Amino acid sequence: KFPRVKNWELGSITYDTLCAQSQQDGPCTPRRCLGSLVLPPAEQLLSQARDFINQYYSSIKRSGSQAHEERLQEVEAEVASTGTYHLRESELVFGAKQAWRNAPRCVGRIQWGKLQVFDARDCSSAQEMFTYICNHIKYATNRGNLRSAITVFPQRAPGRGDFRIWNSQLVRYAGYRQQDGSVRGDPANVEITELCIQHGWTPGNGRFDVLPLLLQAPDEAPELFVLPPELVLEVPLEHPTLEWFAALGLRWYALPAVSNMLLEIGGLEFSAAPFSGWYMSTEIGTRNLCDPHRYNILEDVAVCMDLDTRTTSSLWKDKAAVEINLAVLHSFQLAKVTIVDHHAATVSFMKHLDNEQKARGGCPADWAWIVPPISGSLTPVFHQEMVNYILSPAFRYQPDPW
C-alpha cells in the first residue's frame, strides 16, 4: 500500500509511489519504528548494474537504443568474466548527482543537478589523492563563492584494501584530550586528532587548529598531509550589535566537505568520494557551537548577554542560541562566503519536494534530519509529513578504517 503523505499547514495530500522502487531495507519493522537511529555474487551485482544502466539511459531519453543495449552487454560481459565492471565518466557523473538527490537526510537537494564531479579514478597513491583533494577544495571554495563538488577515487576491488580518507570531513578542528578529562578544541575530533599524532603530526594547542589529512592508498599505512593554510578559508565570528562577541575569538571554516561516506553506484562502491556544498547556518551556530558535547559555548554567551543562568524558565539558552546563529549569518555575509539560513533552506526544500513529486512521484526524506535544530515548527518542513527509504545510487555509512 502506498503512503498517504499530508502537509498539516496547507491541508494538502500527496501519495509517494517512488518508495516502491526501494530494493534496500531500513531499520524499521511493523512491531517497532527505528527512524531516529543515526546509524544501522555476480547475479546480484549484475541486477544492480542493469538497473543503474537503465536509470542512466532513461535519464537521457535513449532507452532501448543501440547505445543502451550494447552498454548492457558490455557490463554483462565484464561481470561474467571478471566479477566486476567499470563505469563510463558520464555514468559516474549521473550516479553522483543521483546519490545526492536520493539522500534522505539532506535539506540542500534543490541544488542536486548542479554538482561538479571530478573523476579521480585514475589515482594510484596517497600523494595523488592529496593533489586531487587540494584541487577540489580550491574549486569548491572559489574565494567564498562556494560551489558544490564531489571527487571520486578508485572503486573497491575484491583483491585489495580500499582507498580511504580517514578524516570525517576535509576540514576539521583538533580536539586535544586533557589529563583532567576535558577537551580543548572540538570534542567530536578527539580520536582523529589522536590518530594524527600517532602518525607523527606535531599538534598545536589551540581551539581551532586545522587538522592534517590521513590519506590511505590500498593496503598501505595512511600518510599525513597538512593542508596549505591559504586553501582553508575561515570566517572570524562577530555579532552585528553585540561588540563583545568578537572577543570570544570564535571562528568557523567555509567548506563543509564530508569525506568518510561510501558512494554506491550500480553496485560498485567508492570508499573515498569526498563531497561538499555550503553550510546551513544552524550546523555551525546551533550544533557545532552549542551542542553540550561540542564547543558548548551557550553558558559563555549567556553570561555575556547578562542573562539569568539560574533557571531554565528565563529561556537563556534559547536567547543565546539565537544570537549565536545570527552572528554566524552576519559574519559569513560580511566575509562574502556562501551560507543559507534554516528558513531559506527549508522553504527551498519544500519547493524541492514539489519538484520531486512531479518528476518521480515522491521524495525520500528523514524528518528528524530535515527539520532544523532550533525553531523547528517555525519552518514549513516541520508541518510536512515525509517518507524515508533507501534508493540507489546512495551515500552509505562505512566502518572507520582503523
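Between two forms, the rigid core is defined as the largest C-alpha subset superposing within 1.5 Å. Residue numbers here begin at 1 and follow the sequence given.
With 96-104 and 151-159 as candidates, the stretch whose CA atoms show the greater average offset from this form in 9 other deposited structures of this protein after a core fit is 151-159.
Core-fitted comparison in 9 other deposited structures of this protein shows that, between 315-323 and 177-185, the CA atoms farther from the shown form belong to 177-185.
The modelled chain breaks between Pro40 and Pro41, where 10 or more residues of the deposited sequence lack coordinates.
Mean CA temperature factor is higher for 49-57 when stretches 367-375 and 49-57 are set side by side in the entry.
Averaged over Cα atoms, the B-factor as recorded in the entry is higher for 224-232 than for the other of 224-232 and 289-297. Which of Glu89, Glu74, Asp186, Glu323 has the largest Cα B-factor in the deposited entry comes down to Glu74. The entry lists C-alpha B-factors for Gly95, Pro158, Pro256, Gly267, and the highest of these is at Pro158. Among all modelled residues in this chain, the alpha-carbon of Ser392 has a temperature factor (C-alpha) in the middle third. The entry lists a Cα temperature factor for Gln111 that places it in the lowest third of the chain's modelled residues. When the modelled residues of the chain are ordered by C-alpha B-factor, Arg101 sits in the lowest third. Compared with the other modelled residues of the chain, the Cα B-factor recorded for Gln357 ranks in the middle third. Among all modelled residues in its chain, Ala345 ranks in the lowest third by Cα B-factor.
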